[PDB]
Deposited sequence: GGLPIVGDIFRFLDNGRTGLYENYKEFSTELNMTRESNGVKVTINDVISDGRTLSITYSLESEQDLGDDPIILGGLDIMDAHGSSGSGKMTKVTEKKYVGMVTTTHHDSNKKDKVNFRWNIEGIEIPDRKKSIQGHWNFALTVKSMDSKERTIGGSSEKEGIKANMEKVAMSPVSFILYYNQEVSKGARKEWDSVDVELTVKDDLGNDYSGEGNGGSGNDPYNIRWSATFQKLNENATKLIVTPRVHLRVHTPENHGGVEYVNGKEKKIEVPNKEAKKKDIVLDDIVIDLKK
């Protein structure tokens, strides 16, 4: 009850990644209640890399349209961490959502100890928050995954994508990789962002979702993304790096020398998208 599978309920309208999550999840339906607010933490699961959690939020009284969870899901001994969260209305007193955390410890964790510590629910519609504490402290065993360390790359505008690792669970698979930007390229561009699109030998496409990036400069970022149950008959992944370059503010028309149209800075120049292409042996 509420919604039967929160992972699929939340997986919209480009779709697929969460498809096998509940079945591989540990169901807990463990509850905390203060101040008219019952928080339940439903399905639980851990890549080894990323920990995803499913919850409900029920109240005595309207949360409205976009309640804000104050607090945080925290992994003990995460080295860095990144994350995401969604939430969706099912009734004006029921909400289901998902919180996701990715640690940046070099190796994956067999057991993830985490604490979900909520300190408040803001109800922006009603200008107000519900104060209190709702806490869960628990550790989860990770599903196993096969990781191979891989290489492979393509360059172009200065600006170049390196594969690092691949990891395959029963439910999903992960691509680890990073972007490098040259002194040339850094200079004409201030937001280089390298997306990968995934196919296998075989026809198929993979839906996926970033898990966050990191860097010591604004340009050389290690990233990783998670994608759909790898197809069992696939031999090879074909990876295309989409690169989205950007710099605007205001700007100029130069009706010039005549009668030709011309902007400083160059109006098509100064924020574009480019491509490349890599082959990974599932082996």
No C-alpha positions exist for deposited residues 1-3, 251-255, 292
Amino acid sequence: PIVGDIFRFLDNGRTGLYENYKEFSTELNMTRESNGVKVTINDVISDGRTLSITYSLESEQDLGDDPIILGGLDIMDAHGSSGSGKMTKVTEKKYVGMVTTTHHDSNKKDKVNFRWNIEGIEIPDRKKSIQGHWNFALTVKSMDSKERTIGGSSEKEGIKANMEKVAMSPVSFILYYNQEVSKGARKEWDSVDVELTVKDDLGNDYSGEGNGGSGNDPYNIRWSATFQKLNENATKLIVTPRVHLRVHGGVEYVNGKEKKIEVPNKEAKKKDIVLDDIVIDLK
From here on, numbers count along this sequence of modelled residues.
Residue range whose averaged C-alpha B-factor is higher in the record, 237-245 or 44-52: 237-245
Higher average CA B factor in the deposited record is what I'm after, so tell me if that's 80-88 or 186-194. 186-194
Using only modelled residues of the chain, where does the Cα B factor of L202 rank: lowest third, middle third or highest third? middle
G36 - which third its CA temperature factor falls in, relative to the rest of the chain: lowest
Among all modelled residues of this chain, ranked by Cα B factor, put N255 in the bottom, middle or top third, i.e. lowest, middle or highest. highest
Relative to the other modelled residues in the chain, which third contains the C-alpha temperature factor of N178: lowest, middle or highest? middle
Relative C-alpha B-factor of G151, binned into the chain's lowest, middle or highest third: highest
